[PDB]
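Participant: In the authors' numbering, the protein residues as written are 700 to 1040.
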Ligand code: NI
């Protein structure tokens, strides 16, 4: 039974609520991004309207086989009317197609739902600048001061250098990046760019990238594993057993695998820095783990909310225990105190 924090009051609208069959008095179902915890339950047999970004639509059509008549893509940064309610979609800085949704209620209330996001200062020069926000539905994934991590740019720097270095030393070495959903594509395509390679992957994952409105994408990707010195494999498969077998599969074309595992936060973030990282080596294979987050750090989130100054905050992650909920409320109170609003 759809929880309260997936419902927008005084509309027929839910957000990311496809796993409760039909929802009591929902004219329109919004989807913030194409990640399975958020789209769970969508199928070819979905007959209610779905509102989403262009890229999330491409994905629903081609991957889930949702019928064209039910997919309502909207452009970003554009005032759109939907069932007599003004909405706007903002870039979320999460994965391809991911959006934040501004709802302008008939009664004059204004609601921001962030879906999944990584807050950034460039958001403060959007249509959010222009007016007051009464309720914030907040991605609270890393809402705790321990969670610091480096900028996406820093991590992609580290990844490129490690890749180039290892391949220049040994031009029979293969680079492997682990994946399970969209997002984290800048890791593997930035590596492939420096190397002068296309990225080799399965046909399923090849299809998925074809959905993403990437300029020139056909020059960048391939299924031909043999003509390709950066490869994508399921994250499940990024270990010595699964790497060995993969190195066996390439038919004597590579003597060495350098791999990256894009993990979110991990406890080693509290002690070690990004330039000071080391891999786990078992023979000719080396497996790095890098902290590429697609969610706000504690500080990023704090600064975003102190700038936005909402009247009320509703968390959408870590809400299932009273300890989590209790700890988050305290931090929100402190932020308000620190600022005065
Ligand atoms: Ni997500």
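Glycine included, each C-beta is placed from N, C-alpha and C at the ideal position.
1. Rank 764, 714, 751, 753 by C-alpha distance to the C-alpha of residue 743 and give the top, closest one.
2. Assuming residue 1013 and residue 835 make a contact with CB atoms under 8 Å, what is their CB distance in whole Å?
3. Rounded to whole angstroms, what is the Cα-Cα separation between residue 887 and residue 805?
4. Report whether the distance from the Cβ of residue 734 to the nearest heavy atom of the ligand NI is below 6 Å.
5. According to the neighbour-count rule (16 or more other Cβ atoms, all chains shown, within 10 Å of its Cβ), is residue 935 buried or exposed?
6. Within a Cβ cutoff of 6 Å, which residues of the same chain sit near residue 902, ignoring the five residues on either side of it in sequence?
7. Quick one: does the C-beta of residue 838 sit closer than 6 Å to a heavy atom of the ligand NI?
8. Where does residue 881 fall in DSSP's three states?
9. Spell out a yes or no on whether the stretch 822-840 and the stretch 907-925 are touching, meaning 3 or more CB-CB pairs, one atom from each, closer than 8 Å.
10. Below 8 Å, can you find three or more Cβ-Cβ pairs linking the stretch 778-792 to the stretch 708-727?
11. Counting along the chain, where does the alpha helix (DSSP H) carrying residue 902 start and finish?
12. Just confirm the distance between the C-beta atoms of residue 798 and residue 811, as a whole number of angstroms; I'd bet it's less than 8 Å.
13. Comparing the CB of residue 790 with every heavy atom of the ligand NI, is any distance shorter than 6 Å?
14. For the stretch 966-976 and the stretch 935-955, state whether three or more C-beta atom pairs, one from each stretch, are separated by less than 8 Å.
15. Can you tell me where the alpha helix (DSSP H) holding residue 1030 begins and where it ends?
16. Applying the criterion that 16 or more other CB atoms from any shown protein chain within 10 Å of the CB defines a buried residue, is residue 1039 buried or exposed?
17. With DSSP collapsed to three states, give me the class of residue 925.
18. Spatial neighbours of residue 748 within its chain, please: CB distance less than 8 Å, with the 5 preceding and 5 following residues excluded, ordered by chain position.
Facilitator: The short version:
1. 764
2. 7 Å
3. Residue 887 and residue 805 have their alpha carbons spaced roughly 45 Å apart.
4. yes
5. exposed
6. Answer for residue 902: 922, listed in chain order.
7. no
8. coil
9. no
10. yes
11. Here the alpha helix (DSSP H) through residue 902 covers 902-909.
12. Rounded, the Cβ-Cβ distance is 11 Å, inconsistent with contact.
13. no
14. No: the two stretches stay apart, fewer than three of their Cβ pairs being nearer than 8 Å.
15. 1021-1038
16. exposed
17. helix
18. Contacts found: 726, 727, 728, 769, 771.
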